[PDB]
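Engineer: what's the 3D shape of this:
(2 chains)
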Amino acid sequence: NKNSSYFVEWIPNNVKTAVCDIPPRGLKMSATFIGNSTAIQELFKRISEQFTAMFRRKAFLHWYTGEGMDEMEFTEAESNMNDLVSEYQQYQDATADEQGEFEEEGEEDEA
Amino acid sequence: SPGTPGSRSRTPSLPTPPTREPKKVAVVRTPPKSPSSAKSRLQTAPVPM
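Structural biologist: Residues are numbered from 1 along each chain as shown, chains lettered A, B, ... in the order given. Find the structure here:
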């Protein structure tokens, strides 16, 4: 409720509860957290523009070519990653509002 | 005796042609460019109403 600007608005009730009865050893009570948020894209954004600094230079690349890895494996791994970061944008600010669709058929007597 | 002997090369000189400069330095043209493409992209809805 009080952090509701920080939850995905189309997954109403985002939580999983699990509770063991046995504490950790020498504390009275404790909890361990596991959170899936779009905010983690700063990791993937950083790694992918950093990569650009190395690879638009082809810096260090010989140490992968020295083990028979090629630029096309680079190119495919970068293109997975930009695709991964784009889908974060797709789930960031994602609208909880409904869609609709509409289309027309035939032709006018002038174009 | 003559102190510069005949035992020594006396090859007489030739009509050598005129001297060209060492370097041309002809003018350059700038290379072409188009603008950089965005790599991370906008996407559509995978799911409809």
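Engineer: Return the distance of the residue nearest the centre of chain B relative to chain A.
Structural biologist: Within chain B, the residue whose C-alpha comes closest to the C-alpha centroid is residue B:25; the distance, by Cα atoms, centre = their mean, is 8.6 Å. In this structure, residue B:25 lies at 30 Å from chain A, with Cβ to the nearest Cβ, to the nearest Å as the measure. No exception for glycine: its C-beta is placed from N, CA and C like everyone else's.
Engineer: Just want the most central residue of chain A.
Structural biologist: Chain A has residue A:88 as the residue nearest its centroid, 3.5 Å off, counting by Cα atoms, centre = their mean.
Engineer: hmm, back to that, for the residue nearest to the centre of chain B, which three-state class applies?
Structural biologist: Under the three-state scheme (DSSP: H, G, I helix; E, B strand; the rest coil), residue B:25 adopts coil.
Engineer: what do you get for residue A:51?
Structural biologist: The three-state assignment at residue A:51 reads helix, by three-state DSSP.
Engineer: what residues are up against residue B:39?
Structural biologist: The contact partners of residue B:39, by Cβ atoms under 8 Å, 6 or more residues apart in numbering or on different chains, come to A:48, A:78, A:82.
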